[PDB]
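Shown here is one chain on its own, the form deposited in one PDB entry, set out as structure tokens.
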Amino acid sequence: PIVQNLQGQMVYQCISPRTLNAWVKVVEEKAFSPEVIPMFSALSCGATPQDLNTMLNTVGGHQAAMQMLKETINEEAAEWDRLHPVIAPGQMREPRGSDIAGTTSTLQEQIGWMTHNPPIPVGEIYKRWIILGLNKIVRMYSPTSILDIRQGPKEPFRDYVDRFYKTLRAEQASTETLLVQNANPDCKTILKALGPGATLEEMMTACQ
């Protein structure tokens, strides 16, 4: 990644083994649970396109997902080339979609773009494409419809609400009415009596 060293200027540093291991392990443990995406974004802070490709390529499993991600990246790269069409000796060339994705650009070129004044943030642009692709995978691999999250007869309301919003997160909605409808008979009666405008805190307190 590009890091502001202990002095000032922005400079390339190798990806740390701790970062590499952290990413490999979170994918192994969590697969494509929604929270893996913010972890990816955090672990790839300041990443060049080369670094982003390193992180994606170190994943051993989930090759269906990684092929789907490649398709999303290729679509975004094509849309870049449509909107931003393009060798002077010693001068910086303009990046194409495949340069942003790191397949046809060098690390030196990537650093050159990212540290230019003004900066051409190829790492951040590529990361956006990757996260777009990862979100699609999270949605596809979401096991259950929100319609099928219903509170059990002996299920604590808190545990039901956890399942409900876990599912909504994976299905990726932009809500409280379905939460009441899918509650068990006893909780539903309590929640109906609260009326409109009740906060989640108030609902959870009422059913505790």
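One-based numbering along the sequence shown.
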Q) Taking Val86 and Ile87 as adjacent modelled residues, how many residues of the deposited sequence between them have no coordinates (none, 1 to 3, 4 to 9, 10 or more)? A) 4 to 9
Q: With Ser174 and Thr175 adjacent in the shown sequence, let me know how many deposited residues between them lack coordinates: none, 1 to 3, 4 to 9, or 10 or more.
A: 4 to 9
Q.
So, looking at the entry's B-factor column for Cα atoms, which has the higher mean, 136-144 or 58-66?
A. 136-144
Q | Selected stretch [higher average CA B-factor]: 67-75 or 114-122 | A | 114-122
Q) Lowest, middle or highest third: where is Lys127 by Cα B-factor in its chain? A) lowest
Q: Within this chain's modelled residues, let me know which third the CA B factor of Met92 belongs to: lowest, middle or highest.
A: highest
Q) With respect to C-alpha B-factor, does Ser16 fall in the lowest, middle or highest third of the chain as deposited? A) middle
(Q) Ranking every modelled residue in this chain by its Cα temperature factor as given in the entry, which third contains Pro49? (A) lowest
Q: Would you please rank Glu29 by its C-alpha temperature factor against the other modelled residues of its chain and give the third it falls in: lowest, middle or highest?
A: highest
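In what follows, reference is made to the form solved in complex with a small molecule, a form of this protein that is not presented.
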Q.
So the small molecule isn't shown here. In the deposited complex, which residue out of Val26, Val180, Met66, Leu43 has a non-hydrogen atom within 4.5 Å of it?
A. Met66
Q: Work out which of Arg139, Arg158, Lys70, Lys30 lies within 4.5 Å of the small molecule in the deposited complex, going by heavy atoms.
A: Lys70
**Q.** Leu56 within 4.5 Å of the small molecule in the deposited complex, heavy atoms
**A.** yes
Q | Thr115 within 4.5 Å of the small molecule in the deposited complex, heavy atoms | A | no
